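What follows is a set of notes on a single structure, which appears directly below.
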Amino acid sequence: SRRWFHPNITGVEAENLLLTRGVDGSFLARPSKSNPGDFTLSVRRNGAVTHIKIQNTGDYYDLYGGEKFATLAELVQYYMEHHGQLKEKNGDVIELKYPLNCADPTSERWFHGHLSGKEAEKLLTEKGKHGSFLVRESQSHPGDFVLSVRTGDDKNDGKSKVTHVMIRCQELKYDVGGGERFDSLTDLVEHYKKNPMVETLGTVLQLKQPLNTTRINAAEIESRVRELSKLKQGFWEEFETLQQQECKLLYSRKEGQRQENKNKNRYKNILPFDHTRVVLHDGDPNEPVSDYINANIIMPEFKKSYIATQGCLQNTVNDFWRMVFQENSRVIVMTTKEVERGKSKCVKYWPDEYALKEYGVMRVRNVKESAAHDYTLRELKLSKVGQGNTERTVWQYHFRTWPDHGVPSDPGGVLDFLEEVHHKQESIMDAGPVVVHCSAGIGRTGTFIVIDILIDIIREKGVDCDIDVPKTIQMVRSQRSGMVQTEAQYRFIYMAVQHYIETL
Ligand SMILES: N[C@@H]1c2ccccc2CC12CCN(c1nc3ncc(Sc4cccnc4C(F)(F)F)nc3[nH]1)CC2
């Protein structure tokens with residue numbers, strides 16, 4: 001869990017935490033009470049607290065007077081490992097040394113607050129499986145807690161059971177009636193996750209996973225949207241709770257950090273994970289490194305795969321077409337304009353209609369453009385220079401109407417677009433991964449990919465099937481940093497899936 005992130009504290013509270021429990025170099029992060037997307041990094045230095053604003057407008061986290069990042073945990077990791085980079089306006093170095101840990105259990109996935117033993121039994125009996133657990137406040141003994149764990153065989157009939165374990169709070173510390181006394185509920189839970197309790201007759205109280213509360217029956221998505229809309233809101237809690245799981249996803253991005261690739265990244269610290277990056281072959285032996293593009297393979301796991309990538313730079317257009325060729329991709333989804341709010345988001349990597357251009361070893365002909373309301377389709381022919389028999393059609397679906405701020409007011413445009421993309425891809429035997437990009441290749445790109453993954457479950461299984469939006473996003477975020485950036489995008493995913501279901 002992301003311990004240095006304190007949900008539901010004020011600025012004044014943050015200052016006092018850092019002044020009373022911190023030292024110089026201690027820091028924490030916190031969200032705005034009013035605004036999803038606004039965050040503050042609070043840092044103790046020279047016996048005082050400095051607050052630094054962070055904003056997410058949908059494409060990345062933007063640290064004021066600092067750099068752009070895919071996640072707050074990648075931001076924190078960066079400044080803890082690169083001394084001198086975070087600076088005050090007058091030049092003075094702001095050091096992030098010591099994460100100040102949140103002791104408040106409220107945001108933990110396993111924490112259920114005021115919840116009865118009867119209610120906890122019902123939740124575990126209906127939704128739980130072997131090793132599902134939760135912690136709740138004791139009704140009998142104020143300040144105490146109860147750990148409730150389901151154990152059994154998952155293949156009803158007494159083969160499973162719920163066990164309740166009392167957690168005492170004695171003199172500011174937590175225990176289970178013996179052994180170690182913990183400074184927080186979190187420390188206690190983490191210890192008994194690693195070191196399971198055993199009953200008198202041998203049952204191991206395995207804390208395998210927090211009770212799942214977010215999985216739904218897809219046909220009931222409207223009721224879940226209603227529930228998540230209740231007022232801050234359910235949607236915000238859910239997206240934040242998911243965000244608290246991002247420290248499990250700090251996978252190496254060593255290749256993207258190499259000096260030989262520094263000019264190949266649109267944003268210096270938004271990098272592909274090494275374990276999923278697209279590796280480019282047959283490269284120019286004269287180039288110091290020719291195997292790198294800022295792109296990751298996204299494979300759903302619980303047929304069709306994706307390449308999530310950034311908007312091309314002038315110097316990466318040739319690499320982009322090498323990738324498209326190598327991976328046998330026949331469909332590109334572009335979800336940005338070239339220029340938005342005065343800023344270039346993607347260089348034009350395609351020729352004008354009816355024109356032919358060479359891009360290094362590759363050539364692309366733009367055969368025909370077809371303009372719909374929300375998108376333009378460009379029928380491109382890609383081939384290797386010298387080898388006409390390598391020609392294949394690449395269909396570029398360019399979504400034009402995504403708003404400059406926030407998300408579209410309805411999902412119909414995105415749904416229609418994604419339906420055309422899906423059918424084109426499905427019609428081409430042996431097509432490779434669908435290439436998807438925006439500007440940084442994480443916010444909108446993540447949103448379109450996750451929508452597509454969830455819709456495809458419904459295509460296969462019908463509307464009577466389980467879907468789990470945050471679970472799916474965590475799986476995609478394990479393959480490219482920070483996929484799905486904002487709460488507005490998260491709500492839009494639910495909106496798109498709901499309206500897919502409603503138009504069957
Ligand atoms: N602590 C909360 C509280 C406070 C006072 C009173 C009651 C309650 C319940 C409480 C916890 C349980 N609820 C909850 N919401 C969530 N949203 C996203 C996620 S992430 C997820 C989901 C599914 C699978 N895999 C992941 C992964 F970890 F891999 F990302 N998990 C969630 N769990 C509802 C909110």
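By convention here, the chains of the structure tokens are called A, B, ... in the order presented, each chain's residues are numbered starting at 1, and ligands are numbered starting at 1 in the order presented.
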Please give me, as a CSV table (one decimal) with C-alpha atoms, in the first residue's frame, the residues lying within 6 Å of ligand 1 when counting only C-alpha atoms and all ligand atoms.
```csv
chain,number,residue,atom,x,y,z
A,106,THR,CA,-9.9,4.0,6.5
A,107,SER,CA,-8.7,3.7,2.9
A,108,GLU,CA,-7.4,0.1,3.3
A,109,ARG,CA,-9.3,-2.3,1.0
A,110,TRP,CA,-9.9,-4.7,3.8
A,111,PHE,CA,-11.3,-1.9,6.2
A,112,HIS,CA,-15.1,-1.7,6.6
A,113,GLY,CA,-15.6,0.8,9.5
A,212,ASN,CA,-14.0,-8.0,-3.3
A,213,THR,CA,-16.7,-5.2,-3.2
A,214,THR,CA,-16.2,-3.9,-6.8
A,238,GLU,CA,-13.2,3.7,-5.7
A,241,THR,CA,-8.7,3.1,-3.4
A,242,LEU,CA,-7.4,1.7,-6.7
A,245,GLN,CA,-2.5,0.0,-5.0
A,470,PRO,CA,-10.8,-1.5,-10.9
A,471,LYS,CA,-9.4,-5.1,-11.1
A,474,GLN,CA,-4.9,-2.7,-12.1
```
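When the distance limit is 12 Å and only C-alpha atoms are what count, the residues near range 280-287 of chain A, minus those fewer than 6 positions from it on the same chain, are residues 260, 261, 293, 294, 295, 296, 318, 319, 320, 321, 322, 323, 324, 325, 326, 327, 360 and 361 of chain A.
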Near-residue 480 in chain A list (8 Å; only C-alpha atoms; drop same-chain fewer than 6 positions) as a VMD selection string: chain A and resid 272 to 273 276 296 298 308 442
Suppose we keep N, CA, C and O atoms; can you now write the selection as a tab-separated table (two decimals), in the first residue's frame?
```tsv
chain	number	residue	atom	x	y	z
A	272	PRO	N	8.10	3.25	-20.64
A	272	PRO	CA	7.58	1.89	-20.72
A	272	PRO	C	8.27	0.94	-19.74
A	272	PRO	O	9.49	0.99	-19.60
A	273	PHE	N	7.50	0.05	-19.10
A	273	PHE	CA	8.12	-0.99	-18.29
A	273	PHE	C	9.03	-1.88	-19.19
A	273	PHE	O	8.66	-2.17	-20.34
A	276	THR	N	7.35	-5.33	-20.49
A	276	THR	CA	6.34	-5.28	-21.53
A	276	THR	C	6.64	-4.37	-22.72
A	276	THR	O	5.81	-4.28	-23.63
A	296	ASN	N	4.24	-0.15	-24.99
A	296	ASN	CA	4.08	-1.42	-24.27
A	296	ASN	C	3.00	-2.29	-24.91
A	296	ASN	O	1.97	-1.78	-25.37
A	298	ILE	N	-0.05	-4.56	-24.33
A	298	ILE	CA	-1.10	-4.75	-23.31
A	298	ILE	C	-1.85	-6.01	-23.75
A	298	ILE	O	-2.47	-6.00	-24.80
A	308	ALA	N	0.08	0.12	-26.41
A	308	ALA	CA	-0.18	1.44	-25.87
A	308	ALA	C	1.09	2.23	-26.06
A	308	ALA	O	2.18	1.77	-25.65
A	442	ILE	N	-1.01	7.19	-21.78
A	442	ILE	CA	-1.49	6.57	-20.51
A	442	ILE	C	-2.94	6.93	-20.09
A	442	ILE	O	-3.65	6.06	-19.60
```
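Checking A:268, A:422, A:181, A:130 one by one against residue 204 in chain A, counting only C-alpha atoms, you find the shortest gap at A:130.
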Could you pull out the alpha helix (DSSP H) residues of range 31-96 of chain A from DSSP and send them as number ranges by chain? A: 72-81
Okay, now the selection with N, CA, C and O atoms, as an mmCIF file, in the first residue's frame?
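Listing of out-v4.cif after writing:
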```
data_model
loop_
_atom_site.group_PDB
_atom_site.id
_atom_site.type_symbol
_atom_site.label_atom_id
_atom_site.label_comp_id
_atom_site.auth_asym_id
_atom_site.auth_seq_id
_atom_site.Cartn_x
_atom_site.Cartn_y
_atom_site.Cartn_z
ATOM 1 N N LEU A 72 1.810 9.117 -8.808
ATOM 2 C CA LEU A 72 2.454 9.786 -7.674
ATOM 3 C C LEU A 72 3.599 8.934 -7.081
ATOM 4 O O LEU A 72 4.632 9.491 -6.666
ATOM 5 N N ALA A 73 3.457 7.605 -7.117
ATOM 6 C CA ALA A 73 4.514 6.729 -6.615
ATOM 7 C C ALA A 73 5.778 6.779 -7.501
ATOM 8 O O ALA A 73 6.887 6.732 -6.975
ATOM 9 N N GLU A 74 5.605 6.896 -8.815
ATOM 10 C CA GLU A 74 6.758 7.157 -9.714
ATOM 11 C C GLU A 74 7.385 8.573 -9.475
ATOM 12 O O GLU A 74 8.603 8.703 -9.483
ATOM 13 N N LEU A 75 6.565 9.578 -9.247
ATOM 14 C CA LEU A 75 7.020 10.945 -8.857
ATOM 15 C C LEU A 75 7.876 10.906 -7.594
ATOM 16 O O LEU A 75 9.000 11.389 -7.609
ATOM 17 N N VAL A 76 7.348 10.286 -6.542
ATOM 18 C CA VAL A 76 8.045 10.156 -5.257
ATOM 19 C C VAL A 76 9.344 9.364 -5.434
ATOM 20 O O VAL A 76 10.400 9.785 -4.935
ATOM 21 N N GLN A 77 9.277 8.232 -6.142
ATOM 22 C CA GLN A 77 10.462 7.435 -6.409
ATOM 23 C C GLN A 77 11.562 8.257 -7.120
ATOM 24 O O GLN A 77 12.730 8.239 -6.694
ATOM 25 N N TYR A 78 11.171 8.978 -8.169
ATOM 26 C CA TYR A 78 12.079 9.845 -8.905
ATOM 27 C C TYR A 78 12.814 10.861 -7.989
ATOM 28 O O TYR A 78 14.045 10.926 -8.015
ATOM 29 N N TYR A 79 12.066 11.609 -7.170
ATOM 30 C CA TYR A 79 12.697 12.675 -6.350
ATOM 31 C C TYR A 79 13.457 12.147 -5.116
ATOM 32 O O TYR A 79 14.409 12.804 -4.659
ATOM 33 N N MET A 80 13.076 10.971 -4.600
ATOM 34 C CA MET A 80 13.861 10.296 -3.565
ATOM 35 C C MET A 80 15.205 9.747 -4.082
ATOM 36 O O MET A 80 16.140 9.613 -3.290
ATOM 37 N N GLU A 81 15.289 9.416 -5.378
ATOM 38 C CA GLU A 81 16.512 8.863 -6.006
ATOM 39 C C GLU A 81 17.386 9.844 -6.802
ATOM 40 O O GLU A 81 18.521 9.489 -7.143
#
```
A:66, A:309, A:299, A:379: which is nearest residue 475 in chain A, counting only C-alpha atoms? A:299
If we count only C-alpha atoms, what is near residue 262 in chain A at a cut-off of 12 Å, once residues fewer than 2 positions away on the same chain are taken out, given as a ChimeraX atom specification? /A:254-260,264-271,288-289,292-294,315-316
Check which residues of range 378-422 of chain A sit at most 12 Å from range 485-491 of chain A using only C-alpha atoms, and return one row each with the closest pair of atoms and their distance in Å to one decimal, ordered by chain and rising number, as JSON lines.
```
{"residue": "A:402", "atom": "CA", "partner": "A:489", "partner_atom": "CA", "distance": 11.6}
{"residue": "A:405", "atom": "CA", "partner": "A:488", "partner_atom": "CA", "distance": 10.1}
{"residue": "A:406", "atom": "CA", "partner": "A:488", "partner_atom": "CA", "distance": 6.5}
{"residue": "A:407", "atom": "CA", "partner": "A:489", "partner_atom": "CA", "distance": 6.4}
{"residue": "A:408", "atom": "CA", "partner": "A:489", "partner_atom": "CA", "distance": 9.4}
{"residue": "A:409", "atom": "CA", "partner": "A:488", "partner_atom": "CA", "distance": 10.6}
{"residue": "A:410", "atom": "CA", "partner": "A:491", "partner_atom": "CA", "distance": 11.3}
{"residue": "A:411", "atom": "CA", "partner": "A:491", "partner_atom": "CA", "distance": 10.9}
```
Residue subset to file, keeping N, CA, C and O atoms, as an mmCIF file, in the first residue's frame:
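For reference, result-v9.cif as written:
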```cif
data_model
loop_
_atom_site.group_PDB
_atom_site.id
_atom_site.type_symbol
_atom_site.label_atom_id
_atom_site.label_comp_id
_atom_site.auth_asym_id
_atom_site.auth_seq_id
_atom_site.Cartn_x
_atom_site.Cartn_y
_atom_site.Cartn_z
ATOM 1 N N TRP A 402 -12.563 14.335 -28.813
ATOM 2 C CA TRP A 402 -12.339 14.238 -27.375
ATOM 3 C C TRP A 402 -12.140 15.683 -26.871
ATOM 4 O O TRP A 402 -11.392 16.428 -27.494
ATOM 5 N N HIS A 405 -10.595 19.594 -22.215
ATOM 6 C CA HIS A 405 -10.618 19.292 -20.785
ATOM 7 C C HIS A 405 -11.655 18.241 -20.488
ATOM 8 O O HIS A 405 -12.755 18.279 -21.068
ATOM 9 N N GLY A 406 -11.339 17.381 -19.520
ATOM 10 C CA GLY A 406 -12.292 16.386 -19.013
ATOM 11 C C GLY A 406 -12.548 15.288 -20.041
ATOM 12 O O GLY A 406 -11.668 14.958 -20.823
ATOM 13 N N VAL A 407 -13.777 14.759 -20.063
ATOM 14 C CA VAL A 407 -14.118 13.582 -20.911
ATOM 15 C C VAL A 407 -15.362 13.954 -21.716
ATOM 16 O O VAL A 407 -16.035 14.935 -21.385
ATOM 17 N N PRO A 408 -15.685 13.193 -22.776
ATOM 18 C CA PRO A 408 -16.890 13.535 -23.542
ATOM 19 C C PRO A 408 -18.153 13.509 -22.697
ATOM 20 O O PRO A 408 -18.209 12.761 -21.713
ATOM 21 N N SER A 409 -19.132 14.340 -23.045
ATOM 22 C CA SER A 409 -20.403 14.401 -22.302
ATOM 23 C C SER A 409 -21.295 13.172 -22.519
ATOM 24 O O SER A 409 -22.285 12.980 -21.798
ATOM 25 N N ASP A 410 -21.017 12.386 -23.556
ATOM 26 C CA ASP A 410 -21.710 11.125 -23.715
ATOM 27 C C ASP A 410 -20.726 10.110 -24.271
ATOM 28 O O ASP A 410 -19.678 10.524 -24.794
ATOM 29 N N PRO A 411 -21.044 8.802 -24.162
ATOM 30 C CA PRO A 411 -20.121 7.798 -24.709
ATOM 31 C C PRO A 411 -20.363 7.344 -26.147
ATOM 32 O O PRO A 411 -19.561 6.566 -26.635
#
```
Show which residues sit within 9 Å of residue 6 in chain A, as number ranges by chain. Count only C-alpha atoms, and ignore same-chain residues fewer than 3 positions away. A: 2-3, 9, 14, 28-31, 101-104, 107
Expected file contents, prior selection, N, CA, C and O atoms, as a compact mmCIF listing (two decimals), in the first residue's frame:
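selection.txt was written with the following content:
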```txt
# COMPACT_ATOMS: atom_id res chain seq x y z
N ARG A 2 0.27 2.40 -0.46
CA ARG A 2 0.97 3.69 -0.67
C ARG A 2 0.95 4.57 0.62
O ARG A 2 0.19 5.54 0.72
N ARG A 3 1.81 4.22 1.60
CA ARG A 3 1.69 4.68 3.00
C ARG A 3 1.89 6.20 3.21
O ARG A 3 1.28 6.81 4.08
N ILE A 9 -7.04 14.09 4.79
CA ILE A 9 -6.45 15.12 5.69
C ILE A 9 -6.42 16.51 5.04
O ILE A 9 -6.36 16.64 3.81
N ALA A 14 -1.68 18.08 7.76
CA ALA A 14 -0.41 17.68 7.12
C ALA A 14 0.78 18.39 7.77
O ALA A 14 1.74 17.74 8.18
N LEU A 28 4.82 13.96 2.87
CA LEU A 28 3.64 13.19 2.57
C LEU A 28 2.94 13.79 1.37
O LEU A 28 3.21 14.93 0.99
N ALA A 29 2.05 12.99 0.77
CA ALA A 29 1.14 13.47 -0.28
C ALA A 29 -0.31 13.37 0.21
O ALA A 29 -0.64 12.52 1.05
N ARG A 30 -1.16 14.27 -0.27
CA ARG A 30 -2.59 14.31 0.07
C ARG A 30 -3.43 14.83 -1.10
O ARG A 30 -2.94 15.62 -1.90
N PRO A 31 -4.71 14.40 -1.19
CA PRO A 31 -5.59 14.92 -2.22
C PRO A 31 -6.29 16.19 -1.76
O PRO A 31 -6.33 16.47 -0.57
N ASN A 101 4.35 7.96 7.14
CA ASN A 101 3.32 6.96 6.89
C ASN A 101 1.98 7.31 7.54
O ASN A 101 1.93 7.78 8.67
N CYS A 102 0.92 7.08 6.78
CA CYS A 102 -0.45 7.19 7.24
C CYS A 102 -0.78 6.00 8.14
O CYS A 102 -0.62 4.86 7.71
N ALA A 103 -1.22 6.28 9.36
CA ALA A 103 -1.65 5.26 10.32
C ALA A 103 -3.17 5.04 10.29
O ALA A 103 -3.65 4.14 10.98
N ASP A 104 -3.90 5.83 9.49
CA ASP A 104 -5.35 5.76 9.39
C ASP A 104 -5.72 4.56 8.52
O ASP A 104 -5.36 4.55 7.36
N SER A 107 -8.88 4.01 4.34
CA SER A 107 -8.72 3.72 2.92
C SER A 107 -8.22 2.32 2.56
O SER A 107 -8.15 2.01 1.38
```
Taking the DSSP secondary structure from the backbone, can you list the residues of range 200-439 of chain A that are strand (DSSP E or B), as a PyMOL selection string? chain A and resi 204-205+209-210+216-217+277-279+292-298+306-309+331-334+339-340+343-344+356-359+362-371+375-384+387-399+434-437
Write to file, as a short mmCIF file (atom, residue, chain, number, x, y, z; two decimals), in the first residue's frame, the residues of the selection just made, with C-alpha atoms.
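part_37.cif written:
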```cif
data_model
loop_
_atom_site.label_atom_id
_atom_site.label_comp_id
_atom_site.auth_asym_id
_atom_site.auth_seq_id
_atom_site.Cartn_x
_atom_site.Cartn_y
_atom_site.Cartn_z
CA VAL A 204 -4.93 -21.70 8.95
CA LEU A 205 -6.50 -18.23 8.88
CA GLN A 209 -7.31 -11.14 -0.35
CA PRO A 210 -9.57 -8.33 0.94
CA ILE A 216 -20.54 -6.60 -10.48
CA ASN A 217 -23.00 -8.48 -12.76
CA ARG A 277 8.08 -2.76 -23.83
CA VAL A 278 7.99 -3.26 -27.59
CA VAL A 279 11.51 -4.30 -28.63
CA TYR A 292 13.62 1.31 -28.24
CA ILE A 293 10.22 2.89 -28.58
CA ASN A 294 8.06 4.33 -25.81
CA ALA A 295 5.37 1.63 -26.20
CA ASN A 296 4.08 -1.42 -24.27
CA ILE A 297 2.20 -4.59 -25.28
CA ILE A 298 -1.10 -4.75 -23.31
CA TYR A 306 -2.87 -3.76 -27.86
CA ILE A 307 0.19 -1.62 -28.12
CA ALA A 308 -0.18 1.44 -25.87
CA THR A 309 2.16 4.20 -27.03
CA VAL A 331 -5.30 -0.90 -36.97
CA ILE A 332 -4.10 2.35 -35.27
CA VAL A 333 -6.35 4.24 -32.85
CA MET A 334 -5.37 7.89 -32.36
CA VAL A 339 -2.53 20.19 -31.47
CA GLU A 340 -4.76 20.84 -28.45
CA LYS A 343 0.28 22.46 -27.60
CA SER A 344 1.56 19.74 -29.98
CA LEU A 356 3.26 8.78 -50.51
CA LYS A 357 6.10 9.40 -48.01
CA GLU A 358 9.19 7.46 -46.95
CA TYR A 359 9.81 7.12 -43.25
CA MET A 362 9.36 2.15 -44.57
CA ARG A 363 6.96 3.87 -46.93
CA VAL A 364 3.35 4.77 -46.40
CA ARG A 365 0.72 5.69 -49.00
CA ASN A 366 -2.48 7.40 -47.82
CA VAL A 367 -5.00 5.83 -50.19
CA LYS A 368 -8.25 7.39 -48.89
CA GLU A 369 -9.62 9.38 -45.94
CA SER A 370 -13.25 8.96 -44.81
CA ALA A 371 -14.57 11.64 -42.40
CA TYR A 375 -13.39 10.48 -36.34
CA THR A 376 -11.50 10.30 -39.60
CA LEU A 377 -10.48 6.93 -41.08
CA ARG A 378 -7.27 6.88 -43.16
CA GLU A 379 -6.60 3.82 -45.28
CA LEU A 380 -2.80 3.60 -45.28
CA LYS A 381 -0.60 1.16 -47.22
CA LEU A 382 2.67 0.32 -45.38
CA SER A 383 5.62 -1.48 -47.01
CA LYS A 384 9.40 -1.88 -46.67
CA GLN A 387 10.08 -4.98 -51.10
CA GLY A 388 6.60 -4.29 -52.65
CA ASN A 389 5.41 -7.83 -51.67
CA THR A 390 5.54 -6.68 -47.99
CA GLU A 391 2.69 -4.18 -48.53
CA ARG A 392 -0.24 -4.32 -46.07
CA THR A 393 -3.16 -2.02 -45.32
CA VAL A 394 -3.06 -0.18 -41.98
CA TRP A 395 -6.39 1.45 -41.00
CA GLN A 396 -5.90 4.59 -38.88
CA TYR A 397 -8.93 5.53 -36.82
CA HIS A 398 -8.42 9.15 -35.72
CA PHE A 399 -10.81 10.26 -32.99
CA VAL A 434 -4.15 -2.74 -32.16
CA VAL A 435 -1.90 0.31 -31.73
CA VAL A 436 -3.50 2.92 -29.41
CA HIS A 437 -2.02 6.36 -28.65
#
```
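Atom to atom, CA of residue 184 in chain A and CA of residue 172 in chain A stand 8.3 Å apart.
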Surrounding residues of residue 456 in chain A excluding itself and chain neighbours under 4 positions, 12 Å, only C-alpha atoms, as an MDAnalysis selection string: chainID A and resid 300 303:305 418:419 422:423 426 449:452 460:463 465 467 497 500:501
Dump of C-alpha atoms for the selected residues, as a short mmCIF file (atom, residue, chain, number, x, y, z; two decimals), in the first residue's frame:
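Result written to part-v2.cif:
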```cif
data_model
loop_
_atom_site.label_atom_id
_atom_site.label_comp_id
_atom_site.auth_asym_id
_atom_site.auth_seq_id
_atom_site.Cartn_x
_atom_site.Cartn_y
_atom_site.Cartn_z
CA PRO A 300 -5.74 -8.78 -21.23
CA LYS A 303 -7.35 -13.14 -28.27
CA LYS A 304 -6.92 -9.37 -29.00
CA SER A 305 -3.84 -7.46 -27.71
CA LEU A 418 -14.59 1.43 -30.90
CA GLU A 419 -17.22 -0.74 -32.65
CA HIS A 422 -13.26 -3.86 -33.33
CA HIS A 423 -14.98 -4.97 -36.54
CA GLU A 426 -11.83 -8.85 -36.36
CA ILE A 449 -8.13 0.19 -23.97
CA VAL A 450 -9.97 -0.56 -20.70
CA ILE A 451 -13.36 0.24 -22.32
CA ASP A 452 -12.45 -2.08 -25.18
CA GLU A 460 -18.06 -13.09 -25.50
CA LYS A 461 -20.21 -13.83 -22.43
CA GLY A 462 -23.35 -11.69 -22.85
CA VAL A 463 -24.65 -9.26 -20.22
CA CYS A 465 -21.33 -12.04 -16.59
CA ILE A 467 -16.96 -7.52 -14.68
CA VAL A 497 -19.78 0.10 -20.61
CA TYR A 500 -22.77 -0.48 -24.60
CA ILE A 501 -24.98 -2.83 -22.58
#
```
